[PDB]
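Tertiary structure, described
This is what each chain is made of:
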Amino acid sequence: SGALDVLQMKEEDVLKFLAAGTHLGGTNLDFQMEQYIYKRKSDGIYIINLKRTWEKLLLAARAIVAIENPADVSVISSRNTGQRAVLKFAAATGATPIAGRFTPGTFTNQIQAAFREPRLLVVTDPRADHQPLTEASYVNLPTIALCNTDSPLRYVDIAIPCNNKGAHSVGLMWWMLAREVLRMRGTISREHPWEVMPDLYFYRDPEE
Amino acid sequence: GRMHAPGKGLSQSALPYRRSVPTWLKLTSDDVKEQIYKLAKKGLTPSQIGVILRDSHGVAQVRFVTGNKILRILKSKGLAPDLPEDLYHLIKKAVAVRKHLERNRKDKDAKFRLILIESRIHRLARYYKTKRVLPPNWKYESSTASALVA
Amino acid sequence: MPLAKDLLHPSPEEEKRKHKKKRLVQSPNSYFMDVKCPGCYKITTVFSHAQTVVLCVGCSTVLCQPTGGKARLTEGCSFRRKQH
Amino acid sequence: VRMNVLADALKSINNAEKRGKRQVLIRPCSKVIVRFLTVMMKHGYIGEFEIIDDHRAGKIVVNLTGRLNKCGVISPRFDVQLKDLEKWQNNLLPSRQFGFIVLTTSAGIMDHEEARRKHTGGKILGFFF
Amino acid sequence: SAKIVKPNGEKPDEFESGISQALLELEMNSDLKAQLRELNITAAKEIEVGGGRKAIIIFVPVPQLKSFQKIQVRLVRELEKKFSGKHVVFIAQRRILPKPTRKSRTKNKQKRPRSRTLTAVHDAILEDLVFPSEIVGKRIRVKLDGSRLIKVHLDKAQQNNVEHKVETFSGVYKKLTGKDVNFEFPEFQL
Amino acid sequence: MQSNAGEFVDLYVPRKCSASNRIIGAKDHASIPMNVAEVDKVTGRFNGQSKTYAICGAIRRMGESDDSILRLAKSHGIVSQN
RNA sequence: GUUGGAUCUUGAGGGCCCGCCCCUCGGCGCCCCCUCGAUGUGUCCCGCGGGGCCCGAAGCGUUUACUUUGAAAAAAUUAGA
């Protein structure tokens, strides 16, 4: 677990969640995400349970920890909103970064113009990062992924409930992940939160 | 499985676990037996008696007050209908279809339907004959079906 | 289902929404109730799915009206099962 | 409707097990089903079961394990005089080192190893391994 | 009048003498006059339980039981006070037609219904122990070990009356049949 | 796979699972475990000593795996906010 | 013609195994006879030997199929000493 009071959440997180529009979900009924759901908003739309979002995020974070090299976890986003997000994560945690197009075959193909060696994949939506998700299960790689109520759950080990499409939702979850892994093993230390704001993540946000 | 109807659905109630219903006022044996005797005097079938007892009185079935059911009471008394209620109502439908068939000799549907109902009577009746609820020396007929319903 | 659940004491909202004979412990949810209703001056016991009307001496006719589902009732009424 | 009850139960478990599902509702529930489940349970092929009681005919919830590979039914039942047991055992089991043929004998529903010791035959119900 | 409460050909005394004297007291006692004045129990038997109080099991031939069950809780409460903590209840024992075997004697039979058989009698005893709640359902859990425990669901309305009783009901059943019973409250009403 | 009283036949002893109680065979794809780090608690900061769960081809292709991991992890502990 | 739902009870000895539970015999006993010890056509220990009647036991209660053990079951052949 860790030192323990702020790993049972705190108001600071609950404010960030609400702001980033995490809480709203899809309108498709569930059979694999159903457990996670707190309550259903009137006339469709599911309110995800922040308590569940926490525990899964921490279990994910913990799995990246106990590797003494953070490079062999590949952070993956093909979404525009999360290109900046993963780039900041890679600076911070020390992940090997994949922003924009994946380009098929880097965990496959003996003869190729690039090859990456991971041990764990972190995905932002496995219906946009579907190519890594399929490719990973041909070569025996576990995949964590940020899943909503209409994402595929096949070949995903650990799902993290969250909207995880667009806006600040993808950004915030990368920020909180980086903060979490640095707590256990980093230089934030002692299981207390980051001094970096989530705004360094998020999207580019069109510059005036 | 149904070979006696073209259905697919259900046609019975769910029934409760317990041998006592409703347990807040189950009345007494006395009350409902009197009521049964008086209703059965009027020539009412066990079905009809069960319905009216259920809703108006605080009994549901009378199987939960005493181990007897409405038929059992009737049968032991010796005041009872002279054939089972289901068999009666089957015979009654086949009469009604037969009357409609007399009226209309172009109604192919009615001919088909009559056959089905008649077959249904025979299989039920065969069951009653074997277990001595009907005499084996009676048999269903156009002739006698009329006489029963009248 | 997520296809590995085992339920030995199932919640009474996923067993109470189902059809009457499809329940995981089968007893129907039907009950009796006492009806007070003001033009009747006696407390008539009525069946929730009565089918045919319940009537009483105290009322002219005002007690039930037939409906294929739950029996219709008129003015002030109460219900307590009691104990099914 | 149901002209064998063993055959439905056995399939139900196997189909659950394929999914990874750890529950089934078998019914109509009979004395023979209970007996078959207990012998099966003892050897570790399935987990524990719980019989729910109704006035319909009963329903059993079996919590199963994936220590089973196949529970087959020999329907229609055949006589076994302890010199067709050998023929069955080579035919329909993968080795003689493991698996049980489960029969009903007059000395009780028992596995065929116990049958061999008693030298009491009867009717073959099924098998598992 | 008690005149049949102690006679049963039992060697004791102690408890039966106590219970018979108690019965006379109750016969005169208010709101229980004119219903024990013609109905006097065949025997009383004492068997202990794990509550550290003894349990008094009274035998009724079935017609008596209806009157005893009517009151139950109030009567049992008075008898518990009188006998200093003993838990009193009422159990019905029928004759029970012989085994469907064959050898070991199968005696005289004529049709044996499933409402007078050994299992039926045990179910009837369970029903008789309770009064303000009924048995909604039952389940038996078969353990992996091979043991069985029967969880008897009771009504979730008026439960309180049976809650304190539970331990004695468990123990008494164990002494009589050699099987443990436990009580539970379901998930029906609500 | 033993022979006799405990003689070793066999080329190797394969991994098992506890999310469906089915062996991971023989060179199969989509078969990997999942080392979650322990944290020592109270003072924070990761201390060893991996908790490992074994995930088979079967569960993953039937899209079970997400829920399964939580059941396995919770049952033997330990994660904050349980 | 084939097939068919649920539902009825049997503690010790030794480190499982055994009998049990929710009259033609043997014999717990009762009565008889040559009587066996109180006795030597004959008792009051008992039916022990022949009896009757009648319990644990047992036809017991209503039948089986099945399965199980026996017999009856050509020699040569055939497996096989």
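Conventions used here
- Residues numbered from 1 in each chain as written, not as in the entry; some residues may be left out.
- Chains lettered and ligands numbered in written order.
- Part of a larger assembly, values for the part shown.
- Heavy atoms only, no water.
- UniProt positions renumbered as here; feature names shortened; annotations may be inferred.
- Contact = heavy atoms within 4.5 Å.
- Helix = DSSP H or I, 4+ residues; strand = E, 2+ residues; numbered from the N terminus.
- Buried < 20%, exposed > 50% of the residue type's maximum accessible area, 1.4 Å probe, protein only.
- Buried area = accessible area lost by both parts, 1.4 Å probe.
- Salt bridge = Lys/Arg side-chain N within 4 Å of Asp/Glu carboxyl O.
- Polar contact = N/O pair within 3.5 Å; in protein donor to acceptor, adjacent residues only side chain to side chain.
- Near = heavy atom within 4 Å.

1. Some words on the UniProt feature "binding site: Zn(2+)" in chain C
Residue and element names in this part refer to chain C. UniProt annotation of "binding site: Zn(2+)" refers to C37, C40, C56 and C59 when read in the numbering used here. These annotated residues cover 23 residues of sequence, but their C-alpha atoms sit close together, with the largest distance between any two at 10.9 Å. With near-sequence residues (within four places) excluded, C37 lies in contact with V62, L63, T74, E75 and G76. Note that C40 resides in the loop between β1 (32-35) and β2 (44-47). Here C40 falls in the buried class, since its relative accessible area comes to 2%. Contact partners of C40, with chain neighbours within four places excluded, come to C56, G58, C59 and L63.

2. Some details on the interface of chain F and chain A
With 36 residues of chain F at the interface, the matching set in chain A holds 47 residues. A combined buried area of about 3500 Å² lies between chain F and chain A, and 52% of that area is made up of carbon and sulfur atoms. Here chain F and chain A share 2 salt bridges between them. Of the charged contacts, one joins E38 of chain F and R62 of chain A as a salt bridge, the two residues approaching to 3.1 Å between their closest N and O atoms. Across the contact surface, chain F and chain A share 27 residue pairs in polar contact.

3. With respect to the protein's contact with RNA strand G
As a structural note, the neighbourhood of RNA strand G is formed by 38 residues, with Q81 of chain D together with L97, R112, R114 and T117 of chain E the closest of them. Per the 4 Å cut-off to the protein, sugar and phosphate atoms form 61% of the nearby atoms of RNA strand G. One of the backbone N or O atoms of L97 of chain E is found 2.9 Å from a base oxygen in RNA strand G. At 3.1 Å from a sugar or linking oxygen of RNA strand G is found a main-chain nitrogen or oxygen belonging to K107 of chain E.

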